[PDB]
Ligand SMILES: CNCC[C@@H](Oc1ccc(C(F)(F)F)cc1)c1ccccc1
Ligand code: NA
Ligand code: NA
């Protein structure tokens, strides 16, 4: 079995997974709409009661299973719980990253595509007034995606967008086909420093922005000025808990797959706590200093509410390009911005397609070459539903990431800490650890964390409870689960023979 080469590489690869576009775009928006700086109170709390406990568990399960040649949840859940339902629930943690890859890599191609368009200068050049600056970029993005102009729910992506998507896929394969150490780790050692420099360079440049409508100080001011009256809202505490899940990448079965390449007695407690910290630092320091400020610096603090309500997607794909087109040398600023985003996602995409690669290698005994190409083949095919069927993306994202990861997360708790036994589990987390987990976390992991998850579930289960074309997507994603259930079946039939 393959292994991480260096402790640093492990943490960077982990951190490379956790730091995606969400750090720079989703996190700033959520904070501004939920009390600004006061949002740090439920966020930090959820980071201690939910994020940190759940991270150590997936790290534990991964390493536990990885010692026995199994990096995937179908196998691992059968080890923690010798049962048929365990292998079935384990399917989800092979299903979720595979559904996300069906659109994530695609969105990742956009950044690459835009970064190419920005570098060569193939960007709109307005013209005055905000709608007169945004619209040329609104139409610029829609032509790329192929956003439906008619009543038909049909996308028509440009030939360029598609070609970049092929390239993007090819880029992902190029890294993944070299393995864990010489591929993901070696790239994590390059991308993460590259990421940091690009972030810092923008943070510096954003702070130097000065328009008649305001400055970057006004942006950091609005974003961080605490509104404690919103802490009364349970929805904020739900958005916080949901965000920690989103930003740490919990419940995707990717931490489990990745930790399974950590050696049996190697530390997971401290190494994990570091990778988790790297992610959070990236968000609060770099992420909330680039997007929101530059948007407020240009449109004024008056539109700071309207900008935050415009969504995290408009901010990164319509707003921020529109602003760079108005700044000195901003064509290159656009290029850096998107080239920052590309690697942020490229370090995440490679990480989650490993789950399917690890499955074919461990359970179906495929070589690394085949396991990669067939995983690429699957992703590439399924992505066509996202590329062409309008709102297919959103539907996939709603199930896989909305409840898929939250449900599978709470499943991970009960299986490892309640079914497998808490004592046996606690030793599995702390074993080989440079530092030991605080004795108080035993109660957090056993009661507080599942309580938070179960009462995030109920809050999700009710209010979060569309055109007929969503069924096409439902049809497909259900079909995937059945397909994976079948491979698990074939996986256990191949083992009884040998
Ligand atoms: C690292 N923090 C999580 C953010 C990111 O996580 C993932 C991103 C991509 C993948 C995939 F590439 F599909 F494997 C798997 C997980 C994600 C989560 C939900 C939707 C889109 C992206
Ligand atoms: Na993150
Ligand atoms: Na990433």
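Numbering (full-length UniProt numbering), first residue to last: 5 to 131, 135 to 472, 479 to 511.
Beta carbons are placed, not taken as given, at the ideal position from N, Cα and C, and that holds for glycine.
Residue nearest to residue 283 within the set 54, 409, 103 is 54 (criterion: CA-CA distance). Sorting 415, 171, 431, 375 by C-alpha distance to the C-alpha of residue 387 places 171 at the top. Residue pairing by DSSP puts residue 396 in a beta bridge opposite 161.
For residue 445, no alpha helix (DSSP H) encloses it, and the DSSP letter there is neither H nor E. Between the alpha carbons of residue 62 and residue 264 lies a gap of roughly 9 Å. Across the set 105, 421, 510, the C-alpha of 105 shows the shortest separation from the C-alpha of residue 359.
Per DSSP, the continuous alpha helix (DSSP H) segment holding residue 431 begins and ends at 429-437. In this structure residue 307 touches residue 220 by the C-beta definition: roughly 4 Å separates them, less than 8 Å. Note: residue 217 is bridge-paired with 222 in the DSSP secondary-structure output. For the pair residue 225 and residue 396, the Cα-to-Cα distance works out to about 40 Å. The C-alpha of residue 152 is placed about 49 Å away from the C-alpha of residue 511. At least one heavy atom of ligand 1 lies less than 7 Å from the C-beta of residue 24. Residue 12 places its beta carbon 8 Å or farther from that of residue 205. The residues 379, 380, 383, in chain order, have a CB closer than 8 Å to that of residue 180 in the same chain once the five nearest residues on each side in sequence are set aside.
Taking a cut-off of 8 Å for Cβ pairs, the stretch 80-88 and the stretch 485-499 do not touch, as fewer than three such pairs fall below it. In the three-state scheme derived from DSSP, where H, G and I count as helix and E and B as strand, residue 71 is classed as coil. For residue 496, the enclosing alpha helix (DSSP H) covers residues 483-510. Within the same chain, 223 come within 6 Å of residue 214 by CB-CB distance, once the 5 residues on both sides are set aside. Taking a C-beta distance under 8 Å as the contact criterion, residue 244 and residue 41 do not qualify as a contact pair.
By the Cβ-count criterion, residue 488 is exposed, with fewer than 16 other Cβ atoms from all chains shown falling within 10 Å of its own Cβ. By the Cβ neighbour-count rule, residue 67 is buried, with 16 or more other Cβ atoms within 10 Å of its own.
Inclusion of residue 349 and residue 505 in the CB contact set at 8 Å is not warranted, their separation being larger than that value. Inter-residue distance for residue 365 and residue 247 is about 32 Å (C-alpha atoms, whole angstroms). Ligand 3 has a heavy atom closer than 7 Å to the beta-carbon of residue 355. Secondary structure within the stretch 303-380: the alpha helix (DSSP H) runs of 4 or more consecutive residues, fully enclosed, are 311-315, 327-331, 337-359, 361-369 (chain order). In terms of CA proximity to residue 276, 59 leads the group 316, 59, 252.
Between residue 408 and residue 20 the beta-carbon gap is near 19 Å, outside 8 Å, which marks them as no contact.
With a cut-off of 8 Å on Cβ pairs, the stretch 412-420 is in contact with the stretch 252-260, counting three or more such pairs.
Residue 79 sits away from residue 70, with the two beta carbons spaced by 8 Å or more. In the three-state DSSP reduction, residue 47 falls in the helix class (H, G or I). With respect to residue 326, residue 141 sits close: the two C-beta atoms are nearer than 8 Å. Residue 216 and residue 304 have their C-alpha atoms spaced approximately 7 Å apart. The Cβ atoms of residue 57 and residue 448 sit closer than 8 Å to each other. Proximity of the beta carbon of residue 351 to ligand 3 is indicated: a heavy atom of the ligand is located closer than 7 Å. Note on geometry: alpha-carbon atoms of residue 429 and residue 89 lie some 20 Å from one another. In this structure, ligand 3 has a non-hydrogen atom nearer than 7 Å to the beta-carbon of residue 20.
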